[PDB]
>>> print(open('run.pdb').read())   # PDB, C-alpha atoms and all ligand atoms
MODEL        1
ATOM      1  CA  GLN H2838       5.889  13.185 -23.672
ATOM      2  CA  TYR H2839       3.442  11.904 -21.027
ATOM      3  CA  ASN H2840       4.823  10.638 -17.720
ATOM      4  CA  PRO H2841       1.839   9.748 -15.502
ATOM      5  CA  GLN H2842       2.709  10.358 -11.849
ATOM      6  CA  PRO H2843      -0.258   9.731  -9.536
ATOM      7  CA  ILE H2844      -0.477  11.586  -6.247
ATOM      8  CA  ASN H2845       1.961  10.239  -3.645
ATOM      9  CA  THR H2846      -0.170   8.708  -0.889
ATOM     10  CA  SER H2847       2.793   7.718   1.359
ATOM     11  CA  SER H2848       1.701   7.119   4.982
ATOM     12  CA  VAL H2849      -2.014   7.624   4.286
ATOM     13  CA  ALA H2850      -4.140   4.844   5.790
ATOM     14  CA  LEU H2851      -7.926   4.950   6.079
ATOM     15  CA  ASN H2852      -9.451   4.447   9.524
ATOM     16  CA  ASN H2853     -12.645   2.461  10.152
ATOM     17  CA  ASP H2854     -14.889   5.472   9.592
ATOM     18  CA  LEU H2855     -13.415   6.304   6.198
ATOM     19  CA  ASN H2856     -13.381   2.608   5.224
ATOM     20  CA  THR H2857     -17.076   2.551   6.104
ATOM     21  CA  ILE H2858     -17.821   5.505   3.827
ATOM     22  CA  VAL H2859     -15.922   3.803   0.994
ATOM     23  CA  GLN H2860     -18.085   0.717   1.569
ATOM     24  CA  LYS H2861     -21.348   2.669   1.663
ATOM     25  CA  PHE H2862     -20.517   4.715  -1.423
ATOM     26  CA  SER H2863     -19.586   1.589  -3.358
ATOM     27  CA  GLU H2864     -22.994   0.048  -2.625
ATOM     28  CA  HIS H2865     -24.691   3.325  -3.522
ATOM     29  CA  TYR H2866     -22.710   3.742  -6.756
ATOM     30  CA  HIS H2867     -23.297   0.180  -7.854
ATOM     31  CA  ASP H2868     -27.059   0.815  -7.533
ATOM     32  CA  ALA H2869     -26.635   4.095  -9.432
ATOM     33  CA  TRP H2870     -24.662   2.329 -12.168
ATOM     34  CA  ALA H2871     -27.210  -0.486 -12.408
ATOM     35  CA  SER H2872     -30.156   1.944 -12.527
ATOM     36  CA  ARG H2873     -28.425   3.716 -15.415
ATOM     37  CA  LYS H2874     -27.630   0.503 -17.319
ATOM     38  CA  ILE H2875     -31.179  -0.793 -16.905
ATOM     39  CA  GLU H2876     -32.661   2.517 -18.083
ATOM     40  CA  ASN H2877     -30.427   2.172 -21.169
ATOM     41  CA  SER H2878     -31.793  -1.317 -21.985
ATOM     42  CA  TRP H2879     -29.016  -3.469 -20.551
ATOM     43  CA  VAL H2880     -29.850  -6.854 -19.002
ATOM     44  CA  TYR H2881     -28.031  -9.350 -16.824
ATOM     45  CA  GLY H2882     -26.029 -12.046 -18.614
ATOM     46  CA  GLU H2883     -23.333 -14.509 -17.552
ATOM     47  CA  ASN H2884     -20.782 -13.032 -19.989
ATOM     48  CA  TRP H2885     -20.253  -9.333 -20.644
ATOM     49  CA  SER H2886     -21.290  -8.360 -24.156
ATOM     50  CA  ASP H2887     -21.126  -4.807 -25.459
ATOM     51  CA  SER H2888     -22.937  -5.951 -28.625
ATOM     52  CA  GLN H2889     -26.113  -7.296 -27.013
ATOM     53  CA  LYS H2890     -25.785  -5.148 -23.854
ATOM     54  CA  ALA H2891     -25.508  -7.997 -21.335
ATOM     55  CA  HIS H2892     -23.606  -7.424 -18.143
ATOM     56  CA  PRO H2893     -22.733  -9.980 -15.468
ATOM     57  CA  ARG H2894     -22.471  -7.274 -12.814
ATOM     58  CA  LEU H2895     -26.208  -6.432 -13.134
ATOM     59  CA  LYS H2896     -27.156  -8.075  -9.849
ATOM     60  CA  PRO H2897     -27.866  -6.883  -6.310
ATOM     61  CA  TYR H2898     -24.717  -5.788  -4.549
ATOM     62  CA  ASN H2899     -24.771  -8.685  -2.111
ATOM     63  CA  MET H2900     -24.569 -11.087  -5.102
ATOM     64  CA  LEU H2901     -21.304  -9.561  -6.369
ATOM     65  CA  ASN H2902     -17.966 -11.266  -5.870
ATOM     66  CA  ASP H2903     -15.061  -9.427  -4.212
ATOM     67  CA  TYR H2904     -13.574  -8.589  -7.616
ATOM     68  CA  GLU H2905     -16.814  -6.875  -8.680
ATOM     69  CA  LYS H2906     -17.137  -4.959  -5.379
ATOM     70  CA  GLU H2907     -13.522  -3.811  -5.615
ATOM     71  CA  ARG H2908     -14.225  -2.317  -9.044
ATOM     72  CA  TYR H2909     -16.176   0.272  -7.039
ATOM     73  CA  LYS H2910     -14.089   0.368  -3.891
ATOM     74  CA  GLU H2911     -10.578   0.670  -5.319
ATOM     75  CA  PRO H2912     -10.911   3.977  -7.279
ATOM     76  CA  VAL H2913     -12.975   5.466  -4.461
ATOM     77  CA  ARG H2914     -10.471   4.437  -1.814
ATOM     78  CA  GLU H2915      -7.587   5.828  -3.880
ATOM     79  CA  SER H2916      -9.360   9.141  -4.474
ATOM     80  CA  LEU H2917      -9.912   9.480  -0.729
ATOM     81  CA  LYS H2918      -6.287   8.643   0.021
ATOM     82  CA  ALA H2919      -5.198  11.162  -2.616
ATOM     83  CA  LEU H2920      -7.331  13.904  -1.021
ATOM     84  CA  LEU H2921      -5.774  13.284   2.367
ATOM     85  CA  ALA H2922      -2.262  12.991   0.876
ATOM     86  CA  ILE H2923      -2.410  16.527  -0.505
ATOM     87  CA  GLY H2924      -3.546  17.947   2.824
ATOM     88  CA  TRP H2925      -7.373  17.936   2.731
ATOM     89  CA  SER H2926      -9.187  17.152   5.966
ATOM     90  CA  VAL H2927     -12.260  14.914   5.976
ATOM     91  CA  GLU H2928     -14.417  15.753   9.015
ATOM     92  CA  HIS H2929     -17.316  13.440   9.826
ATOM     93  CA  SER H2930     -19.394  16.365  11.090
ATOM     94  CA  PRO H2952     -44.570   1.037  -8.589
ATOM     95  CA  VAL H2953     -42.014  -1.474  -9.913
ATOM     96  CA  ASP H2954     -41.897  -1.188 -13.699
ATOM     97  CA  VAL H2955     -42.514  -4.545 -15.350
ATOM     98  CA  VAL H2956     -39.949  -3.839 -18.075
ATOM     99  CA  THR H2957     -37.278  -2.651 -15.632
ATOM    100  CA  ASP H2958     -37.672  -5.759 -13.456
ATOM    101  CA  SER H2959     -37.218  -8.002 -16.526
ATOM    102  CA  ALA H2960     -33.643  -6.649 -16.830
ATOM    103  CA  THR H2961     -32.391  -9.366 -14.472
ATOM    104  CA  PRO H2962     -33.669 -12.620 -12.961
ATOM    105  CA  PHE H2963     -32.868 -11.302  -9.489
ATOM    106  CA  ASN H2964     -35.912  -9.156  -8.582
ATOM    107  CA  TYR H2965     -33.536  -6.238  -8.515
ATOM    108  CA  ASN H2966     -34.953  -2.716  -8.779
ATOM    109  CA  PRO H2967     -32.110  -0.427  -7.681
ATOM    110  CA  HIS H2968     -33.341   2.741  -5.977
ATOM    111  CA  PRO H2969     -30.243   4.642  -4.838
ATOM    112  CA  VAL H2970     -30.463   7.999  -3.085
ATOM    113  CA  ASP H2971     -30.707  10.704  -5.740
ATOM    114  CA  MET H2972     -27.711  13.084  -5.580
ATOM    115  CA  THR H2973     -28.838  15.176  -8.580
ATOM    116  CA  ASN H2974     -30.733  17.216  -5.961
ATOM    117  CA  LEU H2975     -27.434  18.302  -4.374
ATOM    118  CA  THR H2976     -24.992  20.894  -5.734
ATOM    119  CA  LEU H2977     -21.212  21.078  -5.620
ATOM    120  CA  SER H2978     -19.263  24.270  -5.081
ATOM    121  CA  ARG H2979     -16.970  25.398  -7.880
ATOM    122  CA  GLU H2980     -14.110  24.440  -5.594
ATOM    123  CA  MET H2981     -15.411  20.885  -5.209
ATOM    124  CA  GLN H2982     -15.982  20.631  -8.978
ATOM    125  CA  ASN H2983     -12.325  21.597  -9.343
ATOM    126  CA  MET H2984     -11.383  18.888  -6.832
ATOM    127  CA  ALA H2985     -13.449  16.281  -8.690
ATOM    128  CA  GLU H2986     -11.410  17.092 -11.840
ATOM    129  CA  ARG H2987      -8.187  16.714  -9.845
ATOM    130  CA  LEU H2988      -9.328  13.332  -8.548
ATOM    131  CA  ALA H2989     -10.434  12.259 -12.027
ATOM    132  CA  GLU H2990      -7.060  13.235 -13.482
ATOM    133  CA  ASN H2991      -5.390  11.204 -10.725
ATOM    134  CA  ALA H2992      -7.526   8.173 -11.553
ATOM    135  CA  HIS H2993      -6.478   8.538 -15.206
ATOM    136  CA  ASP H2994      -2.804   8.802 -14.171
ATOM    137  CA  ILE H2995      -3.165   5.674 -12.012
ATOM    138  CA  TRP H2996      -4.632   3.715 -14.946
ATOM    139  CA  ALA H2997      -2.046   5.211 -17.330
ATOM    140  CA  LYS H2998       0.974   4.344 -15.189
ATOM    141  CA  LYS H2999      -0.262   0.750 -14.858
ATOM    142  CA  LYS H3000      -1.010   0.531 -18.556
ATOM    143  CA  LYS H3001       2.456   1.747 -19.547
ATOM    144  CA  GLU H3002       3.983  -0.742 -17.124
ATOM    145  CA  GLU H3003       1.950  -3.522 -18.724
ATOM    146  CA  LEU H3004       2.967  -2.522 -22.246
ATOM    147  CA  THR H3005       6.623  -2.167 -21.290
ATOM    148  CA  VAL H3006       6.982  -5.538 -19.571
ATOM    149  CA  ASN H3007       5.363  -7.094 -22.657
ATOM    150  CA  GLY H3008       8.018  -5.557 -24.943
ATOM    151  CA  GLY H3009       6.300  -2.334 -26.028
ATOM    152  CA  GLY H3010       3.064  -1.095 -27.510
ATOM    153  CA  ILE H3011       0.708   1.849 -27.679
ATOM    154  CA  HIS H3012      -2.710   2.891 -26.404
ATOM    155  CA  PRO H3013      -4.757   5.833 -27.742
ATOM    156  CA  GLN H3014      -5.666   7.050 -24.251
ATOM    157  CA  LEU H3015      -2.030   7.157 -23.057
ATOM    158  CA  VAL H3016      -2.150  10.951 -23.110
ATOM    159  CA  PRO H3017      -2.373  13.603 -20.397
ATOM    160  CA  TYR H3018      -5.822  14.009 -18.845
ATOM    161  CA  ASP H3019      -6.255  17.455 -20.406
ATOM    162  CA  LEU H3020      -5.933  15.859 -23.872
ATOM    163  CA  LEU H3021      -8.734  13.354 -23.261
ATOM    164  CA  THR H3022     -12.154  14.076 -24.723
ATOM    165  CA  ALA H3023     -15.030  14.749 -22.345
ATOM    166  CA  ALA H3024     -16.462  11.354 -23.254
ATOM    167  CA  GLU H3025     -13.152   9.700 -22.357
ATOM    168  CA  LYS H3026     -13.080  11.566 -19.032
ATOM    169  CA  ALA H3027     -16.700  10.839 -18.133
ATOM    170  CA  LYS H3028     -16.357   7.625 -16.143
ATOM    171  CA  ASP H3029     -13.757   9.058 -13.781
ATOM    172  CA  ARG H3030     -15.301  12.553 -13.602
ATOM    173  CA  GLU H3031     -18.744  11.194 -12.746
ATOM    174  CA  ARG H3032     -17.480   8.865 -10.034
ATOM    175  CA  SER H3033     -15.581  11.681  -8.330
ATOM    176  CA  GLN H3034     -18.415  14.194  -8.540
ATOM    177  CA  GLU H3035     -20.836  11.615  -7.155
ATOM    178  CA  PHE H3036     -18.411  10.648  -4.381
ATOM    179  CA  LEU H3037     -18.003  14.272  -3.251
ATOM    180  CA  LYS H3038     -21.818  14.761  -3.280
ATOM    181  CA  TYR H3039     -22.205  11.518  -1.316
ATOM    182  CA  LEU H3040     -19.696  12.701   1.283
ATOM    183  CA  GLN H3041     -21.814  15.864   1.586
ATOM    184  CA  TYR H3042     -25.028  13.852   1.827
ATOM    185  CA  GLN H3043     -23.563  11.658   4.568
ATOM    186  CA  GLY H3044     -22.502  14.628   6.691
ATOM    187  CA  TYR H3045     -18.831  14.875   5.844
ATOM    188  CA  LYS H3046     -17.100  18.211   5.533
ATOM    189  CA  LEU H3047     -13.965  18.570   3.405
ATOM    190  CA  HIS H3048     -11.555  21.271   4.577
ATOM    191  CA  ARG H3049      -8.969  22.645   2.124
ATOM    192  CA  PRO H3050      -5.258  22.617   3.246
TER     193      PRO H3050
HETATM  194 CL    CL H3101     -19.058  -5.916   1.503
HETATM  195 CL    CL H3102      -7.498  -1.051 -19.935
HETATM  196 NA    NA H3103       6.486  10.544   0.959
HETATM  197 NA    NA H3104     -15.775  18.341 -12.024
ENDMDL
END
>>> encode(input="run.pdb", output="structure tokens", more="lines below")
Ligand SMILES: [Cl-]
Ligand SMILES: [Cl-]
Ligand code: NA
Ligand code: NA
Amino acid sequence: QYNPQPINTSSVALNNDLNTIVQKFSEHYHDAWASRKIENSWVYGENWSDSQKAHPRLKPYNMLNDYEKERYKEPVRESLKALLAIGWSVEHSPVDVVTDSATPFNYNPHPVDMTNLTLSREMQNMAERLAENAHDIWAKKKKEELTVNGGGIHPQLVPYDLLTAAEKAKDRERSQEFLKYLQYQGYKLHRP
């Protein structure tokens, strides 16, 4: 069938420097996410609504609660722990009027633009490995939730390689961006 088994991160703990890069990437990615939502006509609203494209998280990062910030930090932190677990080394060495009307918070996100930077084929491969691991993490938790509630199904409870590209996009894009951001910030990743 499908038995999701995320990478075993036993013993791996992030030091202050890697916690800092998780923090900085999460602020960066939030701004990237918000820039993309705003460009696609979303606006801030108190309750999330797919129908009318209103999103409570469309605020400056410093206005987010810890739950909202951890939506960025948790996957990123786990992908970094997974990299280390499998033996990788991480060496630290005008305002548009319509866009500003997206929120009442005078918020015009201007993240650093990573589309300028390229990833090696090897790092693209790694981003797919990290994206698969994020899927397996979600899938293991989802199966647990269904089981404790007496059973059930979910259409995405399938191996990563059976997902469509659109189903993979959220995790693939986060991991590609994270690896570019590591590059941008002067980190070198060394294969086992
Ligand atoms: Cl913070
Ligand atoms: Cl879910
Ligand atoms: Na172990
Ligand atoms: Na990739």
>>> closest_atom_pairs(input="run.pdb", of="chain H", to="ligand CL 3101 (chain H)", cutoff="8 Å", atoms="only C-alpha atoms and all ligand atoms", output="tab-separated table")
residue	atom	partner	partner_atom	distance
H:2860	CA	H:CL3101	CL	6.7
H:2899	CA	H:CL3101	CL	7.3
H:2903	CA	H:CL3101	CL	7.8
H:2906	CA	H:CL3101	CL	7.2
>>> atom_distance(input="run.pdb", atom1="atom CA of residue H:2969", atom2="atom CA of residue H:2913")
17.3 Å
>>> residues_near_ligand(input="run.pdb", ligand="ligand CL 3102 (chain H)", cutoff="9 Å", atoms="only C-alpha atoms and all ligand atoms", output="list in words")
residues 2996, 2997, 3000 and 3012 of chain H
>>> resolve_selection(input="run.pdb", expression="the PyMOL selection byres (((not hetatm)) within 10 of (chain H and resi 3103))", output="number ranges by chain")
H: 2845-2849, 2922
>>> resolve_selection(input="run.pdb", expression="the PyMOL selection byres (((chain H and resi 3017) around 10) and not hetatm)", output="PDB file with C-alpha atoms, keeping the file's coordinate frame")
ATOM      1  CA  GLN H2838       5.889  13.185 -23.672  1.00  0.00           C
ATOM      2  CA  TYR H2839       3.442  11.904 -21.027  1.00  0.00           C
ATOM      3  CA  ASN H2840       4.823  10.638 -17.720  1.00  0.00           C
ATOM      4  CA  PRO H2841       1.839   9.748 -15.502  1.00  0.00           C
ATOM      5  CA  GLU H2990      -7.060  13.235 -13.482  1.00  0.00           C
ATOM      6  CA  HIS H2993      -6.478   8.538 -15.206  1.00  0.00           C
ATOM      7  CA  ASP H2994      -2.804   8.802 -14.171  1.00  0.00           C
ATOM      8  CA  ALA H2997      -2.046   5.211 -17.330  1.00  0.00           C
ATOM      9  CA  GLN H3014      -5.666   7.050 -24.251  1.00  0.00           C
ATOM     10  CA  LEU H3015      -2.030   7.157 -23.057  1.00  0.00           C
ATOM     11  CA  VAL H3016      -2.150  10.951 -23.110  1.00  0.00           C
ATOM     12  CA  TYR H3018      -5.822  14.009 -18.845  1.00  0.00           C
ATOM     13  CA  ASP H3019      -6.255  17.455 -20.406  1.00  0.00           C
ATOM     14  CA  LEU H3020      -5.933  15.859 -23.872  1.00  0.00           C
ATOM     15  CA  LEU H3021      -8.734  13.354 -23.261  1.00  0.00           C
TER      16      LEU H3021
END
>>> residues_near_ligand(input="run.pdb", ligand="ligand NA 3104 (chain H)", cutoff="8 Å", atoms="only C-alpha atoms and all ligand atoms", output="PyMOL selection string")
chain H and resi 2981-2986+3030-3031+3033-3034
>>> residues_around(input="run.pdb", residues="residue H:2958", least_positions_apart="4", cutoff="12 Å", atoms="all atoms listed in the file", output="PyMOL selection string")
chain H and resi 2871-2872+2875-2876+2878-2881+2895-2896+2952-2954+2962-2967
>>> atom_distance(input="run.pdb", atom1="atom CA of residue H:2901", atom2="atom CA of residue H:2853")
22.2 Å
>>> residues_around(input="run.pdb", residues="stretch 2971-2977 of chain H", least_positions_apart="5", cutoff="9 Å", atoms="all atoms listed in the file", output="list in words")
residues 2869, 2982, 3034, 3035, 3037, 3038, 3039, 3041 and 3042 of chain H
>>> write_last_selection(input="run.pdb", atoms="C-alpha atoms", output="compact mmCIF listing (two decimals), keeping the file's coordinate frame")
# COMPACT_ATOMS: atom_id res chain seq x y z
CA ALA H 2869 -26.64 4.10 -9.43
CA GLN H 2982 -15.98 20.63 -8.98
CA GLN H 3034 -18.42 14.19 -8.54
CA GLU H 3035 -20.84 11.62 -7.16
CA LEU H 3037 -18.00 14.27 -3.25
CA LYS H 3038 -21.82 14.76 -3.28
CA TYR H 3039 -22.20 11.52 -1.32
CA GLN H 3041 -21.81 15.86 1.59
CA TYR H 3042 -25.03 13.85 1.83
>>> closest_atom_pairs(input="run.pdb", of="stretch 2852-2925 of chain H", to="stretch 3044-3047 of chain H", cutoff="12 Å", atoms="only C-alpha atoms", output="CSV")
residue,atom,partner,partner_atom,distance
H:2854,CA,H:3045,CA,10.9
H:2855,CA,H:3045,CA,10.1
H:2858,CA,H:3045,CA,9.6
H:2917,CA,H:3047,CA,10.8
H:2920,CA,H:3047,CA,9.2
H:2921,CA,H:3047,CA,9.8
H:2924,CA,H:3047,CA,10.5
H:2925,CA,H:3047,CA,6.7
>>> atom_distance(input="run.pdb", atom1="atom CA of residue H:2905", atom2="atom CA of residue H:3040")
22.2 Å
>>> closest_residue(input="run.pdb", among="H:2861, H:2929, H:2968, H:2987", to="residue H:2873", atoms="only C-alpha atoms")
H:2968
>>> closest_residue(input="run.pdb", among="H:3022, H:2885, H:2988, H:2859", to="residue H:2923", atoms="all atoms listed in the file")
H:2988
>>> closest_residue(input="run.pdb", among="H:2991, H:2856, H:3007, H:2862", to="residue H:2919", atoms="all atoms listed in the file")
H:2991
>>> resolve_selection(input="run.pdb", expression="the PyMOL selection byres (((chain H and resi 2891) around 10) and not hetatm)", output="MDAnalysis selection string")
chainID H and resid 2874 2878:2890 2892:2895 2960:2961
>>> axis_aligned_box(input="run.pdb", around="stretch 2907-2918 of chain H", padding_each_side="4 Å", output="JSON")
{"center_x": -11.2, "center_y": 2.8, "center_z": -4.5, "size_x": 17.9, "size_y": 21.3, "size_z": 17.1}
>>> closest_residue(input="run.pdb", among="H:2897, H:2864, H:2980, H:2912", to="residue H:3049", atoms="only C-alpha atoms")
H:2980
